[PDB]
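**Q** Questions regarding the structure given below will be posed in turn.
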Amino acid sequence: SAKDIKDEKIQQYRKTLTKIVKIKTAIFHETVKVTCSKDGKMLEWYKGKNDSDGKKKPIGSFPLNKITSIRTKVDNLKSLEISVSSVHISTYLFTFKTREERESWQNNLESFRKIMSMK
């Protein structure tokens, strides 16, 4: 757009949005590198373990505009429970090894979400 608005948010946030975290779903629990899509509409994640990936591709990213609530796991501040409008799959848990690491993530992603969902 200019230096801030449409594309720029995607490029800017994507950098800080990329993190090695532990994903926890009904389908699979896999340590993964979470980043934002090149389109900026979804949150794309690539296996962040090593070679023990059970997809050999993105494990099945979801669109950020479907998120219904993003809050830190109230019983575990190192984890993040993200409720999203989802199909066959459980609520998405973004889990880090420390709070400070995950803290930065929601701070960024929530605002990026606010640009799209709270637009």
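So for the sequence shown, the deposited numbering puts the first residue at 12; every next one is plus one. Ideal placement from N, C-alpha and C gives every residue a C-beta, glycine not left out.
Closest by CA to residue 102, which one among 111, 113, 90?
**A** Nearest of 111, 113, 90 to residue 102, Cα basis: 90.
**Q** Of the choices 98, 99, 94, whose alpha-carbon is the least far from that of residue 105?
**A** Checking every option, the nearest Cα to that of residue 105 belongs to 94.
**Q** In whole angstroms, what is the alpha-carbon distance linking residue 79 and residue 96?
**A** Taking the straight line joining both Cα atoms gives about 6 angstroms.
**Q** Suppose only complete runs of 3+ residues qualify. What are the beta strand (DSSP E) ranges in the stretch 57 to 97, listed by chain order?
**A** As far as the stretch 57 to 97 is concerned, its whole beta strand (DSSP E) runs of at least 3 residues are 78 to 83, 90 to 95.
**Q** Within 10 angstroms of the Cβ of residue 113, are there 16 or more other Cβ atoms? Answer buried if so, exposed if not.
**A** Buried, by the Cβ-count rule.
**Q** Output needed for residue 39: all residues of its chain with C-beta closer than 7 angstroms, excluding positions within five of it in sequence on either side, in chain order.
**A** 65, 70, listed in sequence order.
**Q** Over what stretch of residues does the alpha helix (DSSP H) that includes residue 26 continue unbroken?
**A** Residue 26 -> alpha helix (DSSP H) spans 17 to 28.
**Q** Just the C-alpha distance for residue 10 and residue 14, rounded to the nearest angstrom, thanks.
**A** One cannot answer for residue 10 here, as it falls past the ends of the chain, which runs 12 to 130.
**Q** When you compare only the Cα positions, how much space is there between residue 31 and residue 86?
**A** For residue 31 and residue 86, the distance between alpha carbons rounds to 21 angstroms.
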